[PDB]
Amino acid sequence: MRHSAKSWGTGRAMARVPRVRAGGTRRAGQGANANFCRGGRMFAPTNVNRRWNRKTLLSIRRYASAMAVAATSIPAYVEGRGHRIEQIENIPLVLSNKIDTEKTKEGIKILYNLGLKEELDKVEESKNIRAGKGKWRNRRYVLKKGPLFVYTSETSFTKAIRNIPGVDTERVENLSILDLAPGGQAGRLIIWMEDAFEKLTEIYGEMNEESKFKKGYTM
Amino acid sequence: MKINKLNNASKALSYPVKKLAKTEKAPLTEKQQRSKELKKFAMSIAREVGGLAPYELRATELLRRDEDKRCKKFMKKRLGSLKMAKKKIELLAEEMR
Amino acid sequence: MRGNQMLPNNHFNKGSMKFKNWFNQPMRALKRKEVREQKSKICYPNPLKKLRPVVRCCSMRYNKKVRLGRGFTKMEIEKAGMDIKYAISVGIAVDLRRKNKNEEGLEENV
Amino acid sequence: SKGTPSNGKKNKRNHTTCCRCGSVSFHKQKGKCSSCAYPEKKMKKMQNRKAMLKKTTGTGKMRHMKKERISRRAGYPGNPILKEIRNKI
Amino acid sequence: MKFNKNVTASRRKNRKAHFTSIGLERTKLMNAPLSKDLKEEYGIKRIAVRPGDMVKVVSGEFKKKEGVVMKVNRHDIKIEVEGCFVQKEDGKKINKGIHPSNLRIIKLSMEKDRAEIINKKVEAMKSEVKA
RNA sequence: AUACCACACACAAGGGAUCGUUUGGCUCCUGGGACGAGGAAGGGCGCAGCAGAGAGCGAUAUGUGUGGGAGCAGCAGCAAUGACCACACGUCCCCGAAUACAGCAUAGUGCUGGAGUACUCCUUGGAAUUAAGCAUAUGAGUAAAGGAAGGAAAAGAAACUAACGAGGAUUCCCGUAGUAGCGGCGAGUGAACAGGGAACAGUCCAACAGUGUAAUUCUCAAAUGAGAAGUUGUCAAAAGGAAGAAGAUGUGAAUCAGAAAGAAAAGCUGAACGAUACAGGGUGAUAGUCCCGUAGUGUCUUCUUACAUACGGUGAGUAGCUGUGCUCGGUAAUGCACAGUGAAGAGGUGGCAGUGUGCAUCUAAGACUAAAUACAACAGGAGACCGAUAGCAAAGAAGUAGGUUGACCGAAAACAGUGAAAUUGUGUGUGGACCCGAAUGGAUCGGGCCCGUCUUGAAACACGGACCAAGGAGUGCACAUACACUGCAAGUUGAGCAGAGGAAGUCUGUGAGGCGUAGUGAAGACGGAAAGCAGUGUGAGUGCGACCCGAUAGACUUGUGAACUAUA
RNA sequence: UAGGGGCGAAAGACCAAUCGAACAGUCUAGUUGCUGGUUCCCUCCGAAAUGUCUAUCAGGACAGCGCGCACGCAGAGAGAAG
Ligand SMILES: [Zn+2]
């Protein structure tokens, strides 16, 4: 909308679009402001007042996270997401405390002993450059999802495992649905810490009782 | 609509508190007395030096003829307030006596 | 205008009207946290907040509820054996505008 | 007639180069510049926002203002021969 | 992962920083690895290649060749190595430039300030290594 | 149809679509908010070995000092006697507030002027538009024009609310509320206290200064003197500190080889190794270990901040009143002015005019004040944004080339990639405008008027359309609503805001308000049926540019014009 | 000597190819009951050009005739016989 423009009106054998007032340049007499014009203004310009976020009831958020946690212990769902678990003895996995690990070297040896080798390899081999214009806008590489580790108490193991591709970490008390159901499909593979697994009873309570940690919520 | 359900009688009720009496401030110290005296004194000297203003003369003249209700109306129109008029009439009356 | 509706009344006629968005909400929250933290170091052993009196709320609708007020009155402070300069040094708030009119309200603040 | 033949008589020139602004807009008879109002003390009111931004600070060189910012950054150190005067003051 | 928020991870910003570099930052672009023996003779692991030094080409058309560095093009980031060339229709021969990182140093040119440059870097290490 | 016209296919022309790419734009967040008589901002002119534009710099037109260290892009010459870069300093032509000047203060030195003005304060003040016409009203105390200041500005410690069992400076957020009311009672307009929070801080002058001596400020001298201001009244006390924050910069792990194939391996295949570092960028195809970094760790430099005296209850052309004009939701006057008139020392107020009288709450006509709040230029970080007819007008010497008498107006052009259609030539085939149905070795047979659009009615002697590519029109927000889907249910809820957390996500508290749990009346007053609340979306109404394009007109400027033409 | 102003031996003539009210720029994307245009496929259902009121007659609103979702259900655009 920058330019000085006006319509020539009828009687000149031309369409009555606004035109640019100028002289000495090829720009004289060209068609100015409308959406059907080169260099004109777009239809309904995009605007900051749009509603970016969305609400969801707290009671649904609580219930969805509870049944996402449940699905992490049904083999049919875990396999269905594409985690491969052929070599793993039993689900769920619960690592002890008194893990005294500090180095990545010894950290991987632990994960291999739980049967996770094929799963981890599946992630490392996956790295590829994205198709389309997203590769220009800071979203260049894509990787497959792998195990999530959940802890509750501060331990050295967290900074021993984190550089291994596809390993992900969160605390039990603030466990998110984006981490528990990626892409909106449920049944992510989870490594529990022994403290964290016991805490699930305080957090979600018992059937037909009220949780002390989540006020006003019952299963 | 959660408005206008009680009657005026029941809205007037009140809880039975125990009150505290007000602390009276009647004592006036020696220095405060001299302060007030000097201000009242100064007000005398001004009146002595410069005298009465035109409407005060006209007002006092009416008081000698017992034109009480004329004086009242006159003063109301000069000062605006019926209270100021009642006060100024009483001060002028006392000056003449 | 057609059909049955509540008759419109939407006030968007004024062309000089301003809009205020709230995209800064999470960031300004983080700044307020960081200012309190550093303020708390400057006076380390002492609480960041002062002590305040309990007063009774205003109208017929809220009579039965008690709330924090602005400051203790010279009478409350004196009755508890303190002096105003000392009270300030120990983190008690003071308000010389407030008056005492009840026995009960005085006894509780003491 | 008012078209082509009247164009032949157009050999006088009412505006010359202004000494304040360069813009070939000083009207010799009126004694005034149509771009910048010389010889008035203040500069002229510009007609619109588009036209005034074309002549703002930062459209030229800003020689002095740039040096001042660098000196402020450095803490106004001055000429190193004369440090004692600075320090006393 | 990166936890410092003052450093950029934008593709647009990283690329501009590369090509518009000047001064000492430009010199960092001309670094090459030293051979295993030289990494015992001197403390350093890598140095900026200069004329007169001796290099093995480890990637490309001229792989396995050895020779002396003739010239260093800083604007178009390339090094010319003695005996790596192409012949035109005319029979005339043109030296083809190789990117620094495809080389490895075999013998160092020790003319001029090189011995002081090396000393300065060794000291900078030890200063913090021993602490 | 030998050669014209049309169509199909192959090759050569002609043009620049499409796909692949991007040292640019845009949006949000955080920091910053740094000019001038010591000559600014803006304009002109000069300076290179070969030098037009642009960049850089002033006749010192690549000088000095500090920290580094290898080349100067072409050609000729230079360079460890220091190429080039980074930090500071020195030098800095002419015009311009432009001043050998104007106004003004002090014992004296001096100060102001111009630039910028997004955000803040003070004045002045429209019309288009809506009311389906229009004059009060609306748009709007908005646009435009003037004055002024700072990193914020303004405001600020009650001549304040309230009628409770009361509270207690100012500013900001949630809310009371599209309510009480104002209104050709039409269109439309429209606040306050409460209740929940962020941040918190109070003080000065006058009234009212030692009289057994102006004890007070300044100048010159001197080691104790002269003089100026002032009795129309001067003079009312502390050093001091470690914390807190922002930058700059050093260091920083670990790989080799091969068949086939390619211009080139980093791919693929086997064997290893690092990780508190698998963020991201560069290398001749897709790299943790080839190069620059990153996680982790060192140093250094700046900036911010902190103890003393004496006091109260009368601040005048003011408050108020009469008339008048503007203004506000303020209504028998909410605020502001002008003219007449004009107080008391005791006065002001308690949303409806007057008079009286108790009661409650305050103290005007002098001043200062932090934090929590707003937003350009310039710098830094991010993105479900745009990808060269897009995104800023501008991805190159863009406010440029170029243009107006003037105020002012204003383009195109990416890769030495790919290489579509319109349109042209040559060769080879098939037809005489072309489409649909059905066929021959071969003449052809049957059916069909030119599309889009307003219209009772178009093949029309109704209008738009020469041809091809690319662009090109029901969208966003607020408020009620009916339907479909989801959780809980006499209840329900992501208000703001706090606590946790390598964090614009998520989890947990505290805790208002709103609507519902039953209605009737203008009201006093009375009382007796019917599941709701909050979301995710769809159809639809109203207001904002409101599906896209289009008037003749109206207003406003401290903007321009008598080079053509009129008259002195 | 400059725009609701100038200048005119008067024609509403002339004031930079513009004058029964100049030019530049802004408010402004002024308004429009009027003209033009409004971009993919198949399946199923399917109108009205009438009445009342209107500064109403090239426009609206309310009702009548379509479609979608449908709680439910003895009815019918035809005859007899009084
Ligand atoms: Zn000028």
# chains A, B, ... in the order shown; residues from 1 in each chain; ligands from 1
$ residues_near_ligand --ligand "ligand 1" --cutoff "7 Å" --atoms "only C-alpha atoms (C1' of nucleotides) and all ligand atoms" --output "CSV table (one decimal) with N, CA, C and O atoms, in the first residue's frame"
chain,number,residue,atom,x,y,z
D,18,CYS,N,20.3,25.7,-3.8
D,18,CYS,CA,20.2,26.1,-2.4
D,18,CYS,C,21.6,25.8,-1.7
D,18,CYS,O,22.0,24.6,-1.9
D,19,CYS,N,22.1,26.7,-0.9
D,19,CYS,CA,23.3,26.5,-0.2
D,19,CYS,C,23.2,25.6,1.0
D,19,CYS,O,24.2,25.1,1.5
D,20,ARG,N,22.0,25.4,1.6
D,20,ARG,CA,21.8,24.6,2.8
D,20,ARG,C,21.6,23.1,2.4
D,20,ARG,O,22.1,22.3,3.2
D,21,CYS,N,20.9,22.8,1.4
D,21,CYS,CA,20.4,21.5,1.1
D,21,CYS,C,20.8,20.9,-0.2
D,21,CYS,O,20.5,19.7,-0.5
D,22,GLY,N,21.3,21.7,-1.2
D,22,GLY,CA,21.7,21.1,-2.5
D,22,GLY,C,20.6,21.0,-3.6
D,22,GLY,O,20.9,20.7,-4.7
D,23,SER,N,19.3,21.2,-3.2
D,23,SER,CA,18.2,20.6,-4.0
D,23,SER,C,17.7,21.5,-5.2
D,23,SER,O,16.6,21.3,-5.6
D,25,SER,N,16.2,24.3,-5.6
D,25,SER,CA,14.9,24.7,-5.3
D,25,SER,C,14.8,26.1,-4.6
D,25,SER,O,13.9,26.4,-4.0
D,26,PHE,N,15.9,26.9,-4.7
D,26,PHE,CA,15.8,28.2,-4.2
D,26,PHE,C,15.2,29.2,-5.2
D,26,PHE,O,15.8,29.5,-6.2
D,33,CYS,N,13.7,28.9,-0.1
D,33,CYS,CA,13.9,27.6,-0.7
D,33,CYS,C,12.7,26.7,-0.4
D,33,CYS,O,12.2,26.6,0.7
D,34,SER,N,12.2,26.0,-1.5
D,34,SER,CA,11.0,25.2,-1.4
D,34,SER,C,11.2,23.9,-0.8
D,34,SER,O,10.2,23.3,-0.3
D,35,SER,N,12.4,23.3,-0.7
D,35,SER,CA,12.7,22.1,0.0
D,35,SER,C,12.9,22.3,1.5
D,35,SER,O,12.5,21.4,2.3
D,36,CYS,N,13.7,23.3,2.0
D,36,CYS,CA,14.1,23.4,3.3
D,36,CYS,C,13.9,24.7,4.1
D,36,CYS,O,14.4,24.9,5.2
D,37,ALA,N,13.2,25.6,3.5
D,37,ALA,CA,12.8,26.9,4.0
D,37,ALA,C,13.9,27.9,4.3
D,37,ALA,O,13.6,28.9,4.9
D,38,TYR,N,15.2,27.7,3.9
D,38,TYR,CA,16.2,28.7,4.0
D,38,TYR,C,15.7,30.0,3.4
D,38,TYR,O,15.2,30.0,2.3
$ residues_around --residues "residue E:79" --least-positions-apart "4" --cutoff "10 Å" --atoms "only C-alpha atoms (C1' of nucleotides)" --output "PDB file with C-alpha atoms, in the first residue's frame"
ATOM      1  CA  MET E  30      44.008 -22.920   6.424  1.00  0.00           C
ATOM      2  CA  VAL E  49      50.045 -24.506   5.925  1.00  0.00           C
ATOM      3  CA  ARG E  50      52.651 -22.086   4.479  1.00  0.00           C
ATOM      4  CA  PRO E  51      54.865 -22.014   1.315  1.00  0.00           C
ATOM      5  CA  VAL E  69      53.499 -25.886  -1.254  1.00  0.00           C
ATOM      6  CA  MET E  70      53.916 -23.171  -3.891  1.00  0.00           C
ATOM      7  CA  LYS E  71      51.130 -20.668  -3.062  1.00  0.00           C
ATOM      8  CA  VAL E  72      48.258 -19.997  -0.616  1.00  0.00           C
ATOM      9  CA  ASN E  73      45.053 -18.376  -1.976  1.00  0.00           C
ATOM     10  CA  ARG E  74      43.171 -16.850   0.980  1.00  0.00           C
ATOM     11  CA  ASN E  95      48.129 -25.721 -11.248  1.00  0.00           C
ATOM     12  CA  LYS E  96      44.889 -26.975  -9.670  1.00  0.00           C
ATOM     13  CA  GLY E  97      44.171 -25.804  -6.118  1.00  0.00           C
ATOM     14  CA  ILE E  98      43.410 -28.227  -3.265  1.00  0.00           C
ATOM     15  CA  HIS E  99      41.328 -27.440  -0.158  1.00  0.00           C
ATOM     16  CA  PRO E 100      43.508 -27.374   3.058  1.00  0.00           C
ATOM     17  CA  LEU E 103      46.315 -32.431   2.923  1.00  0.00           C
TER      18      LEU E 103
END
$ interface_residues --of "chain F" --to "chain C" --cutoff "9 Å" --atoms "only C-alpha atoms (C1' of nucleotides)" --output "PyMOL selection string"
chain F and resi 28-30+139-140+142+162+164-168+178+188+194-195+243-244+478-481+504+541-544
$ residues_around --residues "residue E:6" --least-positions-apart "6" --cutoff "12 Å" --atoms "only C-alpha atoms (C1' of nucleotides)" --output "list in words"
residues 30, 247, 380, 381 and 382 of chain F
$ residues_around --residues "residue G:28" --least-positions-apart "6" --cutoff "12 Å" --atoms "only C-alpha atoms (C1' of nucleotides)" --output "PDB file with C-alpha atoms (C1' of nucleotides), in the first residue's frame"
ATOM      1  CA  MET A   1       0.000   0.000   0.000  1.00  0.00           C
ATOM      2  CA  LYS A   6      -5.513   6.700  -8.391  1.00  0.00           C
TER       3      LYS A   6
ATOM      4  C1'   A F 127     -14.409  16.001   7.466  1.00  0.00           C
ATOM      5  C1'   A F 128     -15.447  11.612   4.833  1.00  0.00           C
ATOM      6  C1'   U F 129     -18.460   7.731   7.561  1.00  0.00           C
ATOM      7  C1'   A F 143      -6.561  12.846  12.123  1.00  0.00           C
ATOM      8  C1'   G F 545     -11.002  -2.943   4.886  1.00  0.00           C
ATOM      9  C1'   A F 555     -12.115  18.095   4.798  1.00  0.00           C
TER      10        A F 555
END
$ interface_residues --of "chain D" --to "chain A" --cutoff "12 Å" --atoms "only C-alpha atoms" --output "list in words"
residues 48, 49, 50 and 51 of chain D
$ residues_around --residues "stretch 273-279 of chain F" --least-positions-apart "3" --cutoff "8 Å" --atoms "only C-alpha atoms (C1' of nucleotides)" --output "list in words"
residues 104, 105, 159, 160, 163, 164 and 165 of chain A; 1, 2 and 9 of chain E; 253, 254, 255, 288, 289, 294, 295 and 296 of chain F
$ residues_around --residues "residue E:117" --least-positions-apart "4" --cutoff "9 Å" --atoms "only C-alpha atoms (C1' of nucleotides)" --output "list in words"
residues 113 and 121 of chain E; 69 of chain F
$ residues_around --residues "stretch 57-72 of chain G" --least-positions-apart "3" --cutoff "7 Å" --atoms "only C-alpha atoms (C1' of nucleotides)" --output "PDB file with N, CA, C and O atoms (P, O5', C5', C4', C3', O3' and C1' of nucleotides), in the first residue's frame"
ATOM      1  P     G G  33     -25.151  -1.795  -1.741  1.00  0.00           P
ATOM      2  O5'   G G  33     -26.520  -2.125  -2.515  1.00  0.00           O
ATOM      3  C5'   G G  33     -27.591  -2.764  -1.790  1.00  0.00           C
ATOM      4  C4'   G G  33     -28.939  -2.453  -2.413  1.00  0.00           C
ATOM      5  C3'   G G  33     -28.985  -1.682  -3.743  1.00  0.00           C
ATOM      6  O3'   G G  33     -30.023  -2.151  -4.636  1.00  0.00           O
ATOM      7  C1'   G G  33     -30.319  -0.593  -2.105  1.00  0.00           C
ATOM      8  P     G G  46     -37.640 -34.898  -4.871  1.00  0.00           P
ATOM      9  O5'   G G  46     -37.362 -33.334  -5.047  1.00  0.00           O
ATOM     10  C5'   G G  46     -37.995 -32.446  -4.100  1.00  0.00           C
ATOM     11  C4'   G G  46     -37.394 -31.065  -4.201  1.00  0.00           C
ATOM     12  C3'   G G  46     -37.643 -30.337  -5.523  1.00  0.00           C
ATOM     13  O3'   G G  46     -38.917 -29.686  -5.513  1.00  0.00           O
ATOM     14  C1'   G G  46     -35.343 -30.198  -4.966  1.00  0.00           C
ATOM     15  P     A G  47     -39.665 -29.485  -6.923  1.00  0.00           P
ATOM     16  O5'   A G  47     -39.186 -28.012  -7.345  1.00  0.00           O
ATOM     17  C5'   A G  47     -40.115 -26.897  -7.213  1.00  0.00           C
ATOM     18  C4'   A G  47     -39.781 -26.032  -6.017  1.00  0.00           C
ATOM     19  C3'   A G  47     -40.403 -24.640  -6.101  1.00  0.00           C
ATOM     20  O3'   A G  47     -41.798 -24.659  -5.781  1.00  0.00           O
ATOM     21  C1'   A G  47     -38.149 -24.420  -5.473  1.00  0.00           C
TER      22        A G  47
END
$ decode --residues "stretch 74-98 of chain E" --atoms "N, CA and C atoms" --output "short mmCIF file (atom, residue, chain, number, x, y, z; two decimals), in the first residue's frame"
data_model
loop_
_atom_site.label_atom_id
_atom_site.label_comp_id
_atom_site.auth_asym_id
_atom_site.auth_seq_id
_atom_site.Cartn_x
_atom_site.Cartn_y
_atom_site.Cartn_z
N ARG E 74 43.99 -17.03 -0.21
CA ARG E 74 43.17 -16.85 0.98
C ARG E 74 41.72 -16.52 0.64
N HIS E 75 41.50 -15.78 -0.47
CA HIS E 75 40.18 -15.35 -0.91
C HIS E 75 39.35 -16.53 -1.41
N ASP E 76 39.93 -17.34 -2.29
CA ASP E 76 39.32 -18.59 -2.71
C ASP E 76 40.14 -19.71 -2.09
N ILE E 77 39.60 -20.35 -1.04
CA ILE E 77 40.40 -21.06 -0.05
C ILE E 77 41.02 -22.32 -0.64
N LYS E 78 42.26 -22.21 -1.15
CA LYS E 78 42.92 -23.28 -1.91
C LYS E 78 44.44 -23.16 -1.80
N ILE E 79 45.13 -24.30 -1.94
CA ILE E 79 46.58 -24.39 -1.88
C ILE E 79 47.06 -25.03 -3.18
N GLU E 80 48.18 -24.51 -3.72
CA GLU E 80 48.79 -25.05 -4.92
C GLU E 80 50.04 -25.85 -4.54
N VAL E 81 50.08 -27.11 -4.99
CA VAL E 81 51.13 -28.06 -4.64
C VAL E 81 51.92 -28.37 -5.90
N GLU E 82 53.26 -28.38 -5.78
CA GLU E 82 54.17 -28.61 -6.90
C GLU E 82 53.90 -29.95 -7.58
N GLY E 83 53.53 -29.90 -8.86
CA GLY E 83 53.37 -31.09 -9.69
C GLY E 83 51.94 -31.63 -9.74
N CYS E 84 50.99 -30.83 -9.26
CA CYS E 84 49.57 -31.14 -9.39
C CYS E 84 48.92 -30.12 -10.32
N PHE E 85 48.68 -30.56 -11.56
CA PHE E 85 48.33 -29.66 -12.65
C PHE E 85 47.51 -30.38 -13.72
N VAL E 86 46.87 -29.58 -14.59
CA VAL E 86 46.16 -30.07 -15.76
C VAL E 86 46.71 -29.37 -17.01
N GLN E 87 46.61 -30.05 -18.16
CA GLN E 87 47.07 -29.52 -19.44
C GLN E 87 45.88 -29.14 -20.32
N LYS E 88 45.95 -27.92 -20.86
CA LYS E 88 44.96 -27.34 -21.76
C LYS E 88 45.15 -27.91 -23.16
N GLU E 89 44.22 -27.56 -24.07
CA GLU E 89 44.29 -27.87 -25.50
C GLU E 89 45.60 -27.35 -26.11
N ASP E 90 46.11 -26.23 -25.56
CA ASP E 90 47.32 -25.56 -26.00
C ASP E 90 48.59 -26.32 -25.59
N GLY E 91 48.46 -27.27 -24.66
CA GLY E 91 49.61 -27.94 -24.06
C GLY E 91 50.11 -27.23 -22.80
N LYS E 92 49.63 -26.00 -22.57
CA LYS E 92 49.95 -25.17 -21.41
C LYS E 92 49.35 -25.80 -20.15
N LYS E 93 50.10 -25.73 -19.04
CA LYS E 93 49.76 -26.40 -17.79
C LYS E 93 49.38 -25.39 -16.70
N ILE E 94 48.29 -25.70 -15.99
CA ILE E 94 47.71 -24.86 -14.95
C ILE E 94 47.67 -25.67 -13.65
N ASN E 95 48.22 -25.11 -12.57
CA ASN E 95 48.13 -25.72 -11.25
C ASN E 95 46.69 -25.68 -10.72
N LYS E 96 46.22 -26.83 -10.23
CA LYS E 96 44.89 -26.98 -9.67
C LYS E 96 44.98 -26.91 -8.15
N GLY E 97 44.13 -26.06 -7.55
CA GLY E 97 44.17 -25.80 -6.12
C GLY E 97 43.43 -26.87 -5.32
N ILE E 98 43.97 -27.21 -4.14
CA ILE E 98 43.41 -28.23 -3.27
C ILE E 98 42.99 -27.54 -1.98
#
